[PDB]
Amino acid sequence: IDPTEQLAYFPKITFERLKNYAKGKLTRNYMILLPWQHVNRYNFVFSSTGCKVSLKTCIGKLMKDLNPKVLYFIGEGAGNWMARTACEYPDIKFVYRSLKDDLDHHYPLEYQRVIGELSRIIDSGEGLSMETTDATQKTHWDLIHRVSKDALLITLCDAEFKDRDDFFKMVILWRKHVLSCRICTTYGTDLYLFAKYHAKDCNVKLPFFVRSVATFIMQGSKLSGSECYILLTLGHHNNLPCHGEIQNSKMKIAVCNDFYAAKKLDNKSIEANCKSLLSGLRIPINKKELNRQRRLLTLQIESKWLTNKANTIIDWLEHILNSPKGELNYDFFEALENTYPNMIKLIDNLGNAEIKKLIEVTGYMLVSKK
């Protein structure tokens, strides 16, 4: 399968770049309980980070300028971000790493689904220990070159760390590697780390000789959150972004912008996400399909619990069906929620994974309208 052809299943990314008279504060309390950032992620099954972040969109110039032959993806889970990168840059090879709980044979599930094969992942971390897959461990960085002898020009980190200290542990280790490593030193100090960070306190200095070049605030990030992507390099250290700066960019995006839908619809993926939400749910999701699902339940303890869960889902999809076609924005998402009477029953009955799937299906339905 052609990687550039697969790129049409990924939505266009909206973001703000902050390069490193009182400003004023932009506030908007959206009365929402659902993770609406998954609204345009219906074409992806195991992970969907590529719908939020892109290397061509955010750091396209650096990608052009450095021209890496190998990219290093750490804390990458199912590898949807790596999969989008493989579609944007079809000649790039990858070194993949993500924290593993066992010695069992693992592989980025989303990359395999999107790209087809793993031939471009020259190091998938096969046969690696738990610590050798942990970005906060020295051994992880010492075995990063076991296959690839290319310098860490651009390292991508999307790890969801336990505590904020873990982020620093990783950054310090990246710095310690790029300044000791025979391969990386031979290159120079023009080495980059594009890492996920949760901006909380202000005036938090980055480790010694780690400088922030830019901060990226993504539309696809949880609205209540403080998540951003920082582009780091070697040089005189500066401050990390603070919660304040991030919220203002997070708010302008939420208030001003709409979510772009993917140009093409991956029907196999949508059908997979539907069956993941409510087993047996088929596309197109219409009046007929919702009455069919309602008819399956009346044909008849955990038995009453799973049917209660099903009624909750059908009821929500029925509300989406009987709702006007609007633009994909938080003003419309707030209208959708605040016009549904059983919102609190919905969040109580459904689990986090089910609710994320419910929003992906809702998004498919909203895009399908008219």
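All residue numbers are counted from 1 along the displayed sequence.
*Asks:* Please figure out whether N20 and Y21 are truly consecutive in the deposited sequence or have unmodelled residues between them, and give none, 1 to 3, 4 to 9, or 10 or more.
*Replies:* Gap between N20 and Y21: 4 to 9 unmodelled residues.
*Asks:* For the step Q300 to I301, what size class fits the number of deposited residues with no coordinates, none, 1 to 3, 4 to 9, or 10 or more?
*Replies:* 10 or more residues are missing.
*Asks:* Test of understanding: from the entry's C-alpha B-factors, which stretch has the higher mean, 81-89 or 282-290?
*Replies:* According to the PDB entry, the answer is 282-290.
*Asks:* Using the B-factors recorded in the PDB entry, average over the C-alpha atoms of 22-30 and of 327-335, then report which stretch comes out higher.
*Replies:* Higher mean C-alpha B-factor in the PDB entry: 22-30.
*Asks:* Per the entry, which of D123, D104, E76, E110 tops the list for Cα B factor?
*Replies:* Out of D123, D104, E76, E110, the record gives the largest C-alpha B-factor to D104.
*Asks:* At the C-alpha atoms, which of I144, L296, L153, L173 reaches the highest B-factor in this entry?
*Replies:* That would be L296.
*Asks:* Report the third (lowest, middle or highest) to which the CA temperature factor of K162 belongs, ranking only the modelled residues of the same chain.
*Replies:* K162: CA B-factor falls in the highest third of its chain.
*Asks:* Sort the modelled residues of this chain by their C-alpha B factor and say whether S48 lands in the lowest, middle or highest third.
*Replies:* It belongs to the lowest third of the chain when residues are ordered by C-alpha B-factor.
*Asks:* Going by the entry, which third of its chain does the Cα temperature factor of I344 land in?
*Replies:* It belongs to the middle third of the chain when residues are ordered by C-alpha B-factor.
*Asks:* Which third, lowest, middle or highest, does the C-alpha temperature factor of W316 belong to within its own chain?
*Replies:* Its C-alpha B-factor, which the entry lists for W316, ranks in the middle third among residues of this chain.
*Asks:* Check where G188 lands among this chain's C-alpha B-factors and tell me if it's the lowest, middle or highest third.
*Replies:* As the PDB entry reports it, the C-alpha B-factor of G188 lands in the highest third of its chain.
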